[PDB]
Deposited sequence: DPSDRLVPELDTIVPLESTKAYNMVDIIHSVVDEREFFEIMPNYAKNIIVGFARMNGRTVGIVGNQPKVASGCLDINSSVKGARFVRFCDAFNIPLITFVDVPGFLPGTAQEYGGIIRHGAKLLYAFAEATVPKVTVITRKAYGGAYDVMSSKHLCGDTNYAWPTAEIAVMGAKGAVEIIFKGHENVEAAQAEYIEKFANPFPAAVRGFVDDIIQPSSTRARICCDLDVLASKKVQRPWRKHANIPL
């Protein structure tokens, strides 16, 4: 499987209407080698997708939002499911690839009483401490603090890309231009060139090394 293979089928997969939803698993299958994707917890917290795949023969971990289920909103179960997978991938030098399409967090009294703050902080922490190379692609939406949740540029995110249909805003800023001019995304790439860009970024980032203050261990908000 060539690393420069194009994916023209991704050019029109994102519907123009924000209400209409799409399948992120299709994008994941298109991007990865041989369209092979080993999903983890496929029937639990379906509004987030985590799994293992290969790019140019190298094992990678993939985390993404699922607009089909709950419109991609993040809740307690999705937060924990993504956080533990990200921690495991970071612990064993496995690069991470993130696909971002999130409107925010699921509201309600049940979510607040269940401790949505703690699990959101879990996901922020898991994405923040990761020292493995990480590549983030924004497909349609990144609203509120949820954009900061899934590997923003300010969490030591190495390379960030946005599709022409992406939109980043504080509240419910209808274009990715503010993020581009502010330097929050490295480039606005065509959807059909995602695979080659990701492969090149992984190739150049394979030798990343960072230094952090010494500690026995940190205090993750478990």
What are the unmodelled segments when the structure is compared with the full deposited sequence, in sequence order? 173-197
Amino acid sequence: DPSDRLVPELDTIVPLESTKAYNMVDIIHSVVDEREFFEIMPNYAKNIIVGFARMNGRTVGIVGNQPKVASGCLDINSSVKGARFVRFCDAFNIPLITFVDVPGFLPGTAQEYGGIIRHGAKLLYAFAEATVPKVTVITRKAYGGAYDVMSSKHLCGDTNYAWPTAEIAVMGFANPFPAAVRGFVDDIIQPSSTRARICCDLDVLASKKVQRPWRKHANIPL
From here on, numbers count along this sequence of modelled residues.
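Whichever C-alpha set is largest while still superposing within 1.5 Å between the two forms counts as the rigid core.
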Between stretches 117-125 and 148-156, more displaced by Cα RMS in 6 other deposited structures of this protein (rigid core superposition): 148-156
Return whichever of 173-181 or 63-71 has the larger RMS Cα deviation from the displayed form in 6 other deposited structures of this protein, where every structure is aligned on the rigid core. 173-181
